[PDB]
Each structure stands twice: as C-alpha cells, then as structure tokens.
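Next up: a single chain in structure tokens, the form solved without its partner chain.
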C-alpha cells in the first residue's frame, strides 16, 4: 500500500487535475464493504503499472467536497484521469482481471 497516493480535497487539484500522466482515483469509505474488497486489488495494480499509472485514493467521509464535482452517486467509484480530464469511470467493485480490462480499454 506504499505507492498509493493519499488524496484530500485540498490536494486534489494539484495531485490529479494539474498532473500530466494517467491517474486512477478510488473514491471510498471505511463503512463500504466493496471498497475494502478492491483495496488489495488496487495495491497490485499500483505495483504492476508502476511508471505508467498512479493509483490514488480519496476518502469521501474525510473529503466530502470532491465526489459531488464528478457526479459520483455511490462508492466504490474508480475515475481514470488523463491530463487532468476524466477518461473513464467505473462504479462498483470488480475483479483484478476486470480492472485490467478496464485499463486496457483506455490504453
């Protein structure tokens, strides 16, 4: 879990919107079962895609401001950013194989 960026409402603009590379943002909360199910999957993606993709997490309980800006209505929601713009989104939990397909669909 060492390579995942810990986002806040204040750092979101700098860490995501002003970044150039691709960033996969996980909107999550501790009370969300499916969010905890995909947490180890995100760790593997962060390791596997090192140097090509940054994985980041935004806790919506601690950071209530960001999710509404992207019309997020439920968690977990994965937002894939490229050049500060949403390239794709995925609502709900998914397997590692499905998340790899999701990323390759955007490559």
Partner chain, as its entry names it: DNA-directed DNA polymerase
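Residue numbers count along the first chain shown, from 1.
The deposited model assigns a higher average Cα B-factor to 15-23 than to the other stretch when 15-23 and 94-102 are compared.
Set 41-49 against 54-62 and average the Cα temperature factors; 41-49 ends up higher. The entry lists a Cα temperature factor for residue 34 that places it in the lowest third of the chain's modelled residues.
Keep in mind that the form solved in complex with its partner chain is missing from the display, and what follows is about it.
When its partner chain is considered in the entry with it bound, residue 46 lies well away from it, no heavy atom lying within 4.5 Å.
Remark: residue 92 counts among the residues lining its partner chain in the entry with it bound, judged by a heavy atom distance of 4.5 Å or less. Taking non-hydrogen atoms only, residue 36 approaches its partner chain to within 4.5 angstroms in the entry with it bound. With a 4.5 Å cutoff on heavy atoms, residue 83 does not count as touching its partner chain in the entry with it bound; it lies far away.
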